[PDB]
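Quick note: the coordinates plus some simple rules give every number you see, no bench work behind them. With ideal geometry, Cβ positions are generated from the backbone for all residues, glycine too; neighbour counts draw on all protein chains shown.
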Protein chains: 2
Amino acid sequence: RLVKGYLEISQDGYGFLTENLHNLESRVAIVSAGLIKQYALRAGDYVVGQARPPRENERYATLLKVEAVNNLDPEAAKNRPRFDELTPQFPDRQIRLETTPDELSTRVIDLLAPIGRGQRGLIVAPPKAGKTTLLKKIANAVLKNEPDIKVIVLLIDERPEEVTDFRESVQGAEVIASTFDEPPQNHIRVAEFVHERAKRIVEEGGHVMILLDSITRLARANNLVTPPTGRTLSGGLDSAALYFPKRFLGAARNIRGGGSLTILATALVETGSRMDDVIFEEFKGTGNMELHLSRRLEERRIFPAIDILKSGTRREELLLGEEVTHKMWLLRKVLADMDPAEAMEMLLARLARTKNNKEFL
Amino acid sequence: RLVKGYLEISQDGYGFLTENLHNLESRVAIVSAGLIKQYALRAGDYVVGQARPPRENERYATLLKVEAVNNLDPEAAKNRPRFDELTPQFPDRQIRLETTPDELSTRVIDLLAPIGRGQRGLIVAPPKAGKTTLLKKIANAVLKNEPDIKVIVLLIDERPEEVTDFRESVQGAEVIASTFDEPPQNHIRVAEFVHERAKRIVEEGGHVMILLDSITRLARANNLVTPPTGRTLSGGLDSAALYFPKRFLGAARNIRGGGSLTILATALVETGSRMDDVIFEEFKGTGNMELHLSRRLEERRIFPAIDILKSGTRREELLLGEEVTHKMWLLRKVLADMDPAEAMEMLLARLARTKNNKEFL
Ligand SMILES: Nc1ncnc2c1ncn2[C@@H]1O[C@H](COP(=O)(O)OP(=O)(O)O)[C@@H](O)[C@H]1O
Ligand SMILES: Nc1ncnc2c1ncn2[C@@H]1O[C@H](COP(=O)(O)OP(=O)(O)O)[C@@H](O)[C@H]1O
Ligand code: BEF
Ligand code: BEF
Ligand SMILES: [Mg+2]
Ligand SMILES: [Mg+2]
């Protein structure tokens, strides 16, 4: 028999499991140490095993046996590469980008910031400047382009109506949310839970993509959670308290042996408080691709309102041929003189004629 | 004998009720736990209850019995959905906007800031820039457009003369005020009282609108109440005090099963202290529509002096049909070019000709 959950190991070798609500609910389950030792798995796995109801003198269910682990033979689970020891590479198994629901705006997305397997991406915009629905569109496209990829969406510190909008509009993909109604400890719990789950899932050589609403909101939430860390960075920020979100985003990587972990998250800047500017800068050095969204292009209601000059990716050539290298080099040389708004509208007119590759052809 | 009020449950199951002034008075009455347990009501769910002539040896009145509660059968109260569990949606039961008392400025308001049942709205303006009587006009219009809606007005940290002006000019709708003469404790008491009152009134599937004068003044009141923040935010804010106005404003929501809660509150920016800019940004991400008011437009005495480009709402299409969707799309494409003062003067000249719908026709 297999009850299933996300293992959270307690100090004493036994652990706990949560339910499908992806929040601590009364349906938690307890996990014994002996079986995990028997199969010697790594923390945060999608654990399954046989269990027995709460015994007399026992207030909660307890583990009796295990039959199959992580949907695989437990013996095979005994030997596997460790996630943190996987040889990282640059994204070399690119996800070819072609999505129907909006071929033009999605053309802008593809042509300005490519997305590949294991991309450590980050999108940075001021408040109320085009984030959540953009993430929604990206998720919807991915759920059609690569049905094999396990796509997970995480929402921290956001409005409930957006949560329900996604849950209805995601068409069955794992949508996890934690509205601002919950105390920040709930945010941290859910975030780290999904972090470990994704890590252990990717460790199996799989391709995982996490779309994180409100990452700089999550950073402010850490600051609230941030108990001291010591010295105050400029703007009320903590020095090392960004270490946990730093590792969270740094998980995004390409692995040369198969599988990948790509995180795209929404960051806030120009909020009038140095805290957010410093947070964004601290993340900018850790992500491998950044998407600046210019507040003025949004004020002009040009979507996507991307600050093309400031925006850019790292190692396009590994995702883009020398031919695309040269054509985009020419585009940079030329559009440097074209204004962002006029450039955007010009590109809109041109690409409405043909697909990205058809435009290249 | 029926006493009607808002049960404030104390620690020991016995609670308190207040009087019509919505301020602590000598007329507060005590309540017993047993009947509340019998009818399984929720905090602040409009309580109608019986009692007796208190006995001797009791320093305060004590409750005997209950006859009818929530103006409904108390037994049915035993099983009902809870407010915090209601499935929130975007406002989809729109309140069609047609306001006679001044149809021009209110034309500007309706055509720039849609109002629907459950609108979590926010309006921002520097000091002395057109707030209080604007809220007054909104309240007066609502008291003619939807007589079925229970309209409540809350005034925090404001001048008494405005309080009397409203109480005379509201024509019987619930006007609650707490002048700055009172210490901040009174502000907090009244604010949370109204919070619970509105929440549990909406819990009955009803439509409630709260018009909150002085929301940023209320934020500064919290700052005076800001007990620590731990680390001091830019300007002197609290991390945990802002949680309470955050939840207060986030109460505003649209419910898919009927009823809604709409809060429109007045906010302050450009006050020369980082506190207010930080607070405005903090609320901006929590409200579902924010209305900037430009100080320069007010200096020109343009009412409403709205910074049209900066101002905007979320999910207009959910309130605005495809036809209106495209119409406002064209209007945003065009009016971006018109300068605020001349833009609004032109808008007055044009829309003064016809009603909004007639202008569309
Ligand atoms: N492509 C788009 N076009 C128009 N509006 C958008 C688009 N993408 C997102 N938005 C809007 O931008 C708003 C800001 O996104 P969000 O990340 O929720 O803000 P924050 O996280 O700063 O509170 C969203 O509420 C959404 O309605
Ligand atoms: N449409 C308007 N035209 C002219 N004056 C207005 C208008 N609306 C509000 N006011 C004025 O703006 C003042 C602002 O007071 P208020 O905003 O309540 O103080 P505070 O900002 O301290 O809460 C009011 O006293 C009112 O006289
Ligand atoms: F309103 Be969010 F900060 F984009
Ligand atoms: F009229 Be408000 F105080 F700006
Ligand atoms: Mg949003
Ligand atoms: Mg005013």
Exercise. Only one residue in B:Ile138, B:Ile123, B:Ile95, B:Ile109 is under 30 Å from B:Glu204 (Cβ atoms) and either within 14 Å of chain A (Cβ to nearest Cβ) or more than 16 Å from ligand 4 (Cβ to nearest atom) (or both), so which one is that?
Worked result: B:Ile95
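Within the stretch B:304-317, how many residues are more than 21 Å from the chain's Cα centre (by Cα) and not small (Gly, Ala, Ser)? Before the answer, list the steps.
Applying the first criterion (more than 21 Å from the chain's Cα centre (by Cα)) to the stretch B:304-317 yields B:305, B:307-310, B:317.
Restricting the remaining residues to those that are not small (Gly, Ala, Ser) gives B:307-310, B:317.
Within the stretch B:304-317, residues that are more than 21 Å from the chain's Cα centre (by Cα) and not small (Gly, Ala, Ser) number 5.
Select from the stretch A:141-164 the residues that are within 14 Å of chain B (Cβ to nearest Cβ) and under 12 Å from the mean Cα position of the chain (by Cα) and list them in ascending order.
Step one: of the stretch A:141-164, the residues within 14 Å of chain B (Cβ to nearest Cβ) are A:155-164.
The answer is A:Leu155, A:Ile156.
From the list A:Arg200, A:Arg217, which one is within 14 Å of chain B (Cβ to nearest Cβ), among the basic types (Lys, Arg) and under 21 Å from the mean Cα position of the chain (by Cα)? I'd like the intermediate steps shown before the answer.
Details: A:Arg200 fails: within 14 Å of chain B (Cβ to nearest Cβ).
After ruling out the rest, the residue left standing is A:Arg217.
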Exercise. Pairs, please: C-beta under 9 Å, at least 6 apart or cross-chain, first residue within 14 Å of another protein chain (Cβ to nearest Cβ) and in the stretch A:234-251, second of a type in the set (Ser, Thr, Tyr) and surrounded by 23 or more Cβ atoms within 10 Å (Cβ to Cβ)?
Worked result: A:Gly235/A:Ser273; A:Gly236/A:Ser273
Exercise. For the stretch A:1-78, list the strands (runs of 3 or more DSSP E) that sit wholly inside it and hold at least 1 residues that are within 26 Å of the chain's Cα centre (by Cα); which are they?
Worked result: A:3-6, A:15-17, A:46-52
Problem set entry | Residue list for the stretch B:221-233, restricted to those being buried (at least 17 other Cβ atoms within 10 Å of the Cβ) and either within 12 Å of chain A (Cβ to nearest Cβ) or part of a loop (DSSP other than H, G, I, E, B) (or both) | B:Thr226, B:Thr229, B:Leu233
For this session: Output the number of residues of the stretch B:281-301 satisfying the condition of being over 18 Å from B:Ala336 (Cα atoms) and more than 12 Å from ligand 3 (Cβ to nearest atom).
Result: 5
For this session: Give B:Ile308, B:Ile279, B:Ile302 a once-over and let me know the one that is in contact (Cβ under 8 Å) with a residue 24 or more places away in the chain and under 28 Å from B:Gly236 (Cα atoms).
Result: B:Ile279
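Can you tell me which residue among A:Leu212, A:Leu261 is away from chain B (no Cβ under 14 Å), within 13 Å of A:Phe83 (Cα to Cα) and within 13 Å of the chain's Cα centre (by Cα)?
Values: A:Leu212 fails: within 13 Å of A:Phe83 (Cα to Cα).
So the residue among A:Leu212, A:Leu261 that is away from chain B (no Cβ under 14 Å), within 13 Å of A:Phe83 (Cα to Cα) and within 13 Å of the chain's Cα centre (by Cα) is A:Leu261.
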Seminar exercise, completed: B:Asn288 vs (1) surrounded by fewer than 18 Cβ atoms within 10 Å (Cβ to Cβ); (2) facing chain A (nearest Cβ under 10 Å): all pass except (1)
Exercise. If you take the residues in the stretch A:72-86 that are among the aliphatic types (A, V, I, L, M) and touching a helix residue (DSSP H, G or I) at 6+ places or on another chain (Cβ under 9 Å), which one is surrounded by the fewest Cβ atoms within 10 Å (Cβ to Cβ)?
Worked result: A:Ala77
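Return a yes/no flag: does the stretch B:300-311 have any residue that is within 10 Å of chain A (Cβ to nearest Cβ), more than 23 Å from B:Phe90 (Cβ to Cβ) and touching a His at 6+ places or on another chain (Cβ under 9 Å). Steps first, answer last, please.
Quick first cut of the stretch B:300-311, residues within 10 Å of chain A (Cβ to nearest Cβ) only: B:309-310.
If we keep only those that are more than 23 Å from B:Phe90 (Cβ to Cβ) too, we end up with B:309.
Among the residues that remain, those that are also touching a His at 6+ places or on another chain (Cβ under 9 Å) are: B:309.
Checked the stretch B:300-311: at least one residue is within 10 Å of chain A (Cβ to nearest Cβ), more than 23 Å from B:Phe90 (Cβ to Cβ) and touching a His at 6+ places or on another chain (Cβ under 9 Å).
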Problem set entry | All positions within the stretch A:332-358 that are surrounded by 16 or more Cβ atoms within 10 Å (Cβ to Cβ), within 23 Å of A:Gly116 (Cβ to Cβ) and of a type outside the set (S, T, N, Q) | A:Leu347, A:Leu351
Problem set entry | Number of the condition not met by A:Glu281 [criteria: (1) outside any loop (DSSP other than H, G, I, E, B); (2) touching a helix residue (DSSP H, G or I) at 6+ places or on another chain (Cβ under 9 Å); (3) closer than 30 Å to A:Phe193 by Cβ] | (2)
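Let me confirm something: among A:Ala129, A:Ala40, which residue is hydrophobic (A, V, I, L, M, F, W, C) and away from ligand 5 (no atom under 16 Å from the Cβ)?
Values: A:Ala129 fails: away from ligand 5 (no atom under 16 Å from the Cβ).
Being hydrophobic (A, V, I, L, M, F, W, C) and away from ligand 5 (no atom under 16 Å from the Cβ) holds for just one of A:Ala129, A:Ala40, which is A:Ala40.
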For this session: Please specify each residue of the stretch B:239-272 satisfying the condition of being hydroxyl-bearing (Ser, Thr, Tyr) and either out of contact with any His (no Cβ under 7 Å at 6 or more places or on another chain) or assigned to a helix (DSSP H, G or I) (or both).
Result: B:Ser239, B:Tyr243, B:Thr262, B:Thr266, B:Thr271
Exercise. Filter the stretch A:5-47 for residues that are loosely packed, with under 14 Cβ neighbours inside 10 Å and basic (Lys, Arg); which is farthest from A:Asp73 (Cα to Cα)?
Worked result: A:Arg27
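Restricting attention to the stretch A:282-299, and to residues there that are touching a residue at least 24 places away in the same chain (Cβ under 8 Å) and under 24 Å from B:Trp329 (Cα atoms), which single residue is nearest to the chain's Cα centre (by Cα)? Even if it seems obvious, please write down each step before you answer.
Residues of the stretch A:282-299 touching a residue at least 24 places away in the same chain (Cβ under 8 Å): A:282-284, A:286-298.
Then drop every residue that is not under 24 Å from B:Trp329 (Cα atoms), which leaves A:293-298.
Numbers: A:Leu293: 18, A:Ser294: 22, A:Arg295: 23, A:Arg296: 27, A:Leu297: 25, A:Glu298: 24 Å.
Per the criteria, the residue is A:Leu293.
If a residue counts only when it is in contact (Cβ under 8 Å) with a residue 60 or more places away in the chain, away from ligand 6 (no atom under 16 Å from the Cβ) and surrounded by 18 or more Cβ atoms within 10 Å (Cβ to Cβ), which strands (runs of 3 or more DSSP E) contained entirely in the stretch A:87-183 have at least 3 such residues? Reasoning before the result, please.
On the way: elements: A:121-125, A:150-158, A:174-179.
So the answer is A:121-125, A:150-158.
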Problem set entry | Matching residues, the stretch B:312-361, being within 11 Å of chain A (Cβ to nearest Cβ) and outside any helix (DSSP H, G or I) | B:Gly312, B:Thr313, B:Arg314, B:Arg315, B:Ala336, B:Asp337
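Name the single residue, out of those in the stretch A:165-190 being β-branched (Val, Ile, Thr) and farther than 18 Å from B:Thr87 by Cα, that is nearest to the other protein chains (Cβ to nearest Cβ). Spell out how you get there, then give the answer.
As a first pass, look at the stretch A:165-190 and keep what is β-branched (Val, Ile, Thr): A:170, A:175-176, A:179, A:188, A:190.
If we keep only those that are farther than 18 Å from B:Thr87 by Cα as well, we get A:188, A:190.
Details: A:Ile188: 14, A:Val190: 18 Å.
So the residue we want is A:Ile188.
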